[PDB]
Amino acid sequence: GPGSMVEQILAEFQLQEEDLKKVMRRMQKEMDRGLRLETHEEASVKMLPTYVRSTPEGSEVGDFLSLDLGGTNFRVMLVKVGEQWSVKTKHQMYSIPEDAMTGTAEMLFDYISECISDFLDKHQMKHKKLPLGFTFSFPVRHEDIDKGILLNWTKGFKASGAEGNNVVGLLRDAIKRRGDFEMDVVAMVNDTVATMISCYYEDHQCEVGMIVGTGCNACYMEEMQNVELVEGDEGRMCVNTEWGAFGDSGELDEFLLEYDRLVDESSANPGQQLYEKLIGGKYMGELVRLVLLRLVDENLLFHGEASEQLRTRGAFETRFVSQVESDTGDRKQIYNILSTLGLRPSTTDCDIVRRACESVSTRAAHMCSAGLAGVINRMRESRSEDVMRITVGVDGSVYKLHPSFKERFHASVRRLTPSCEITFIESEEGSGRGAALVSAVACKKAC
């Protein structure tokens, strides 16, 4: 409105502790709703049972394959477990073409199967039939540890014939059509789950997995008596919260800003994954772009004139946000970004662009922290210890590559979780290694 000022505009992103506690308590309410049989179907946070349990008592050595499929690339990993346990891995990255991102799920899996076939050829692992763990970074309703149907794509990925289908069967069918090799798919897990398992290997206190990358989600070990969707009260079972859909029932309405509505309105999945849209690297850069456009329309930035690039959706990558915030103080990192976008920025413009990035990324960290606090505080209600010692495994480009996200996030989480001694583990290739590690236990369990 009238009298607009840079600080006043960027201040809209602030979230006071009372705001974070309110977000946190609402997340806990939605988590309870997704866990109970009565409200599950209408719950925004699905709390999907993963069928990964705490009870198996043994594992085994051997060679295990891992497939890790996200929204743009995928990697194959060969994990060798030997002997105390010794774990050695090899891997290869692949990128899904175009006659895929728009094509059928069958086309997608055929390409993935061709890639796995080539990987095994190159490592002379064709003769031996290997077990494969599958990390699939999308919402899946599991029927067992190796059976789940895709509920819906997220993060703007698409491929017809996938939603409503058993993802494992899709991979199995494709491996079949290739017919030049055998492979047993022994488990399919979400990337949050694989990440928690890869960290659990190194630290058994790890019972929470989290991802802050293209998307944002979390899994944690819940008491079986609380998982109403699976008969039994013995032990714990990992639950994939799919908390990115938090707010999809209106729970965040009072916090949403115009920039958030615009990002949602123009996204590939309007009205869905609203919490994730406040945090995820898929949306962070676009949020900063809308904020910068607002500043120029108010004649507070670039003397009111934006460039063609700046005015096209997706032009401000989250990678750019991270680079802006890494600036040493001389504006070179910032200038390198703006100049490449067709802008002739002043030193002041650069400083304004940095404060805008900080406003958006700080809000992401704070929103994300209320979610994690909600998970950790809930868990603490099932332990008799005064101080709960818990380890959170985390993966994701925002958490790992953004200059100061990690620290803001950690600090905010800690302020909201008294009586909890939290250790954060930044996972290295966990999404992929966790799938292989769970396969060894699943293979041993199946004798």
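We number the residues from 1 along the sequence you see.
Missing coordinates between residue 83 and residue 84 amount to 4 to 9 residues of the deposited sequence. When 129 to 137 is weighed against 210 to 218, 129 to 137 comes out higher, by mean CA B-factor as recorded in the entry. In this entry, the higher average B-factor at the C-alpha atoms falls on 301 to 309, of the pair 368 to 376 and 301 to 309. Of all the options 69, 388, 35, 413, the entry's greatest CA B-factor is assigned to 388. Highest C-alpha temperature factor among 239, 295, 196, 101, as the PDB entry reports it: 101. In this PDB entry, residue 447 carries a Cα temperature factor that places it within the highest third of its chain's modelled residues. For residue 283, the recorded CA temperature factor ranks within the lowest third of the chain's modelled residues.
The entry lists a Cα temperature factor for residue 166 that places it in the middle third of the chain's modelled residues.
Annotation for residue 289: C-alpha temperature factor in the lowest third relative to the rest of the modelled chain, per the entry. Sorting the modelled residues of the chain by their CA temperature factor places residue 434 in the lowest third.
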